[PDB]
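> this one's structure only:
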DNA sequence: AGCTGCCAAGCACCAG
DNA sequence: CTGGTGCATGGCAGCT
Ligand SMILES: Nc1ncnc2c1ncn2[C@@H]1O[C@H](COP(=O)(O)OP(=O)(O)O)[C@@H](O)[C@H]1O
Ligand SMILES: [Cl-]
Ligand SMILES: [Cl-]
Ligand SMILES: [Cl-]
């Protein structure tokens, strides 16, 4: 009668579509929780037993197979932002101290919690207000002292200088709240969470949210991983590899040595792609199975598949023996064999065990001698009762007699009605049905004790011998994790080498001065979805050629050449081969892309006001080591104010900063900077006006544009001949003051 | 792979396949026993759509048949899932009595559930219409028809071209759309939910004419006005054929067809309807729309009427004026009426289920309850001195006699279904009471028997009980079962009990049961006889429910007009809009900060207004509130202003920015082609260019065409100052702007419309504000100056 | 104050 | 031939 989640669940049924009285049936509860937790709801239920949150789940039902699922904690100190991100499924722990708001944007974009944690002291709500899975936390939780002790307790030693996170408090606070929230939901220790690291910005190539979205790295603009760079590159054969590949794409790195290693790896492995993958496909999501082992929730089929992986190691060892590559061999060693455990599990568990342990049938016969005997006793008792059925049927002549069973009455003999009158004298009746009568006899109950007590003693030992396995395997968890790390990395590398082969990517060769030198380069995502031949394009950007002014019609052609550039760098500085014939590329410290739509529109500020704020970010932070992409800025204001701003912008980018820029514009006036400035040149996109359409060429020729194709499109859109004729007049007369 | 000849299938499957063959594409619920079965693909597909298990049904030879199914009583929930996923289901039943059947009992498909023909409450949304529509492209134009099966509203139009057809579908939003196989222009239709590809022969004109006429019961269709709409009549032909084939009873509530023709309403293209946020916001939701502000109606059938009215503003003066002098007249009575109207409820659809002979007892319950409010409203509306309100009151009626019948026939507050008894109240039928006497007189007698026997035996635990299988029994705990009389014939056994029968008990079981069942079948006759009595007054009852709906809307609008402070607009001869203190009807309510009122003055002399200012400055709101004030005026409503004076309007255009290109250029082309001097046109960006003065040259030429030739009333907002040069060159084009001021370090917006073009575009000030380095802002200021030296 | 498995009813199966 | 059984999902009696 009283209360419940009914009122707050009519809320979430309103937003999953199942209906103050809405609900879910029992048989699909795990699938329905799978989508509330999906969109971030801290559930725990009863028509309390179990507790589940969106940031702390390990059940492979409730997690999306191919993507990370992080729990994170944020707070805005008087000085700066403190932030931490845990992967409850791998024990991958991150900690960070963003300085400015723009850094705290770029993290939240890259990382993307399914369950955020935040404090009252936090006043910059515009950063996280419209976020999935928001939870609110007190003062005490963000603590610095209990944190250290609780952290150092979790990990190992009496200090965190080994992890390198010691003299950075704002991050330790986040971490402190996070771990203590995560152990709470679990109500069990977390041995897999054995370390923690802090990314140092200065290492990775820095990409802000707007840049990270506009490139569509893991996520397209609409919301999916459809039609995105991941989609085209992720041909990995294990889920843990898929995850790793994505984390890699968002974290391109500047240590050109760490890259060169990955390039020589992709090289050596390029031939073994054929039969290195069908083996690796069978390693499965070991990284997550191992997490269910740490949390002691790993089901029979988790251990069965863990074993199946162990079978693939000597084969992978044997294949990677051939590979003449120092770093590939490091990964061969790190993959390990664990042959003793392979044997333990083969002996300890049958072919294909059931979904759950609850009802026995998991531990294979031979492993433990006690358990075998009990089964034979229980098969022993099962035997006589089958005999008894036959014994009794032919003895009485009643062909419809049956020995049956349920928890209500235990074992029972069942004659049908009509034949029921011929029931033996000693047959104690017990239960009449529409067309049957059920009896018991002294012997039956005697053997019923036999079957049940036998089963019960074997079934309760299965669970001991099972829980034992964990105490036998968990000591190695250390190495086991580094195996599934090494494996997931093979998946990724062996993929990045196959992709390079069957998409004809070249190997970029880095230079020490800033500059890009693409030769027949393409947008890695478009050249696949497009079913017409992709027109490749060149690019040269020495510091003698610092900025290209791109004029002529946009229509996607411009904002591709630009976007394909940023991706050929991204892909370079991630070690992967790149979609081109040759690519020499210099160091890049930051990638900026102010390209495409958007527009807010939630904050009442407009497109333009957005574009400028994005352009403000660029000008303030862009170094001579940065790539800068600027789709036709200056639209949506008076022709003069926008030309002045595009001029003023190009001026400061072409001189004060010097950054490697592609500057798209419609303004013809801007095509005079090659005459007024050092190191700035003109390129344009053509169109051909064939038949009854205009073909928007995507080929980048040199020089400014000598034609504007606006009126031309108007004619094709149905705009009356008379008006375009009158437009043409006014164009001519506006252009011949300029 | 097996050859399956007809004669090889088991007798059951033969009856299935000739039935499924009649419905090859849609799912088929095959009533078999207490379940509705599905088979083969129907079973696999149905298993996935419903989360029900797939299974086998055994065969002698050959592979077993796939099967899924659900119990006949759980049927609705599952129909609900399927209909809300756009699937149709054919509901097939058992006709004959299987006891008198040696072979398979006769089985017929009795109705078909489809997303466009649903009429039961549990499957429809209350505050929203759910229409079925048919679409047909001729050698010359289009034919489109709509039906509201749960109210009978059956309309017909013949859209001129691709773009109007686009308007209509956007507006009506049918939940199921019947198109001919040879439909030429498919980008109009594909994607849409509940599509239904119909064979060309279903759009035959003669069949349509003859079949519409049979249904309406007239010789020709001249009184309806649709005798000269061939194309329309066709789509209506197919829309009707479908309706009958889905329902499979007669449809007496579908009694009339009227025709929509564009001249009778302000036409509004897809973009316009979506941009004005009339019933759906810019981001899909129903929140912060014109209707969220206006709909405070108290019944669902009113909400839906208002929502329709909002989308089809009438141009006929008399209706408008009548509506006005009603809204005014009813200003004070908007507390006396409303809560009494609330209790009338969704009578519209209740009468639909009555038309279909499908109404549940509680539908009658709520129908009675609604009738009881009619003398309480009649006595209220008499007082009001309003010529139309009396006409509506006359229309509303009383149904003194029928309110009576429902008080005598049915109980206080009945169960959900008739199915198993308890609906018809005492004294309505003596024979039902005779059989209920026998029932009650046998039950209490059996309880006397309980006591009678407990003495006769002394056994204290003796009970009398009833179980569905065995029936009436005498229960003795096993602890005393031995002490049971020799009279007692043991019938059922349990673990701690033993149940018996005696020929007295079984004699009175057979009387209580036989008499209970005679009551049931009699209630079921009595209940299905109510329809026979009420149906004769369907027409009168329908137009009453209509009058209650319209009143619900008008009463609401009156209250709205008071609560939110609107004024009555007046209409003029010439085109024009003269607004005094014109505020945005939705944006004024969502704000906390008092909404700045703002005038407007458009006439044939002053027909275009170039709106300068900066973005964020309030430019769009101004344009939008202009169209919204116009639309409300033209549904008869009061207006969010002080004094609004408005000329005849035929269309309202919207070219407000953001594509998804080429789009914006077409929507512009659409305006230039179809705009007359009675239309209102609101534009943000007519289309971008690819060079500096490229696209700007279009805007100029277009403004010129709208001003010189079309002479539409235009509101053109723009940042391009080259266009504030237009009032100098062009006749009847003026300059206005939204005021903003820089107080040094930041910038504020006045939201007030001033004459003359803005002092400057604040492009640079906004960039500065956005964070662009002072450093660079300065540079731009210098480059500006030199541009204005030659300008 | 839950859970378990009989049963609903048509028709086909199939073991005696 | 006769008398048993299978087979969807839901409801309730018969048991803790
Ligand atoms: N008359 C007004 N009074 C008060 N606020 C207004 C008024 N007009 C507009 N606003 C507010 O100004 C904001 C921007 O208005 P909008 O018309 O979108 O500007 P623009 O069209 O120039 O970009 C809106 O969010 C609205 O809340
Ligand atoms: Cl058992
Ligand atoms: Cl009507
Ligand atoms: Cl502006």
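Everything's here; your move. Residues are numbered from 1 along each chain as shown, chains lettered A, B, ... in the order given. Ligands and ions are numbered 1, 2, ... in the order given.

> From now on I want contacts and neighbour counts done on CA atoms only, so please keep to that.
OK.

> and the residue nearest to residue A:337 when sequence neighbours are not counted, what does it touch?
With sequence-adjacent residues excluded and distances taken as C-alpha to C-alpha, 6 or more residues apart in numbering or on different chains, residue A:337 is closest to residue A:313, at 5.5 Å. Residue A:313 sits next to A:335-337 when contact means C-alpha atoms under 8 Å, 6 or more residues apart in numbering or on different chains.

> Closest one to DNA strand C out of the residues you listed, please.
residue A:337 (43.1 Å; C-alpha to the nearest atom of the strand).

> does residue A:499 belong to a helix or a strand, and which?
helix A:477-502 (DSSP states H and E).

> Can you list the buried residues in that helix?
By neighbour count on 16 or more other C-alpha atoms under 10 Å in any protein chain shown, the buried set for helix A:477-502 is A:477, A:480-501.

> which residues are in contact with the following helix or strand past it?
Later in the chain than helix A:477-502, the nearest helix or strand by DSSP H and E is strand A:509-510. The contact list for strand A:509-510, computed with C-alpha under 8 Å, 6+ apart, reads A:256, A:583-587.

> Any idea how many residues pack against residue A:425?
Counted with other C-alpha atoms under 10 Å in any protein chain shown, the neighbours of residue A:425 add up to 6.

> returning to what we had before: which ones among the contacts of residue A:313 lie within helices?
Members of the contacts of residue A:313 lying in helices (criterion: DSSP state H): residue A:335.

> Drop anything exposed from the contacts of residue A:313.
Here, 16+ other C-alpha under 10 Å leaves A:335-337 buried among these.

> In which helix or strand does whatever residue of the stretch 201-350 of chain A ends up closest to ligand 1 reside?
Closest residue of the stretch 201-350 of chain A to ligand 1, C-alpha to the nearest ligand atom: residue A:210 (21.8 Å). Assigning secondary structure by DSSP H and E places residue A:210 in helix A:209-214.

> right, is that helix up against chain B?
No: between helix A:209-214 and chain B, judged by C-alpha under 8 Å from any C-alpha of the partner chain, nothing touches; the nearest distance is 15.4 Å.

> Would you quantify the distance from residue A:268 to DNA strand D?
From residue A:268 across to DNA strand D, the span is 53 Å (C-alpha to the nearest atom of the strand, to the nearest Å).

> before we move on, what about residue A:640?
68 Å.

> Just give the closest residue to that residue, not the sequence neighbours.
That would be residue B:784: by C-alpha to C-alpha, 6+ apart, it lies 6.5 Å from residue A:640.

> Specify the local secondary structure of the residue of the stretch 551-700 of chain A found nearest DNA strand C.
Residue of the stretch 551-700 of chain A nearest DNA strand C, by C-alpha to the nearest atom of the strand: residue A:602 (46.5 Å). Local secondary structure at residue A:602 is given as coil here, using DSSP: H, G, I helix; E, B strand; the rest coil.

> Burial check on it, number of neighbours?
Neighbour number of residue A:602 under other C-alpha under 10 Å is 7.

> re the thing from before, looking at neighbours, which among the contacts of strand A:509-510 is most surrounded?
The most crowded member of these, judged by other C-alpha under 10 Å, is residue A:583 (27 neighbours).

> What residues are bridge-paired with residue A:630?
In this entry, residue A:630 is beta-bridged to residue A:594, residue A:663, by DSSP bridges.

> Touching, it and residue A:591? I think so.
No: look at residue A:630 against residue A:591 with C-alpha atoms under 8 Å: they stay out of range, at 11.5 Å.

> Quick one: neighbours of residue A:139, just the number.
10.

> Can you pull the phi/psi pair for the one residue sitting closest to the centre of chain A?
Centroid-nearest residue in chain A, with C-alpha atoms, centre = their mean: residue A:67, separated by 2.3 Å. Per-residue torsions, residue A:67: phi -130, psi 140 (degrees, to the nearest 10).

> Can you get me the start-to-end distance on stretch A:130-144?
Chord length of stretch A:130-144, first to last residue, is 28 Å (C-alpha to C-alpha, to the nearest Å).

> Just the residues contacting that stretch, thanks.
With contacts defined as C-alpha under 8 Å, 6+ apart, stretch A:130-144 is touched by A:39-41, A:54, A:113-120, A:169, A:172-174, A:176-177, A:180.

> Stretch A:557-569 too?
Against stretch A:557-569 from outside (C-alpha under 8 Å, 6+ apart): A:215, A:521-524, A:537, A:550, A:578-579, A:585, A:591, A:593, A:595-596, A:627, A:629, A:631, A:662, A:664, A:685, A:696-698.

> mind redoing it with 6 Å?
Stretch A:557-569 is contacted by residues A:523, A:578, A:698 when judged by C-alpha atoms under 6 Å, 6 or more residues apart in numbering or on different chains.

> Now the closest residue to chain B within the stretch 101-250 of chain A: which helix or strand?
Closest to chain B within the stretch 101-250 of chain A is residue A:222: 11.5 Å, counting by C-alpha to the nearest C-alpha. Here residue A:222, judged by DSSP H and E, is contained in no helix and no strand.

> and it, backbone torsions?
phi -70, psi -40.

> Just to confirm, which residue in chain A is farthest away from the center?
Largest separation from the mean C-alpha position in chain A: residue A:425, at 70.3 Å (C-alpha atoms, centre = their mean).

> Provide the backbone phi and psi angles at residue A:430.
Torsion angles, degrees, to the nearest 10, at residue A:430: phi -150, psi -30.

> Who are the contact partners of it?
Neighbour list for residue A:430: A:438-439, B:494-495 [criterion: C-alpha under 6 Å, 6+ apart].

> Next one: the residue nearest to residue A:337 from DNA strand D, what distance?
According to C-alpha to the nearest atom of the strand, residue A:313 and DNA strand D sit 42 Å apart.
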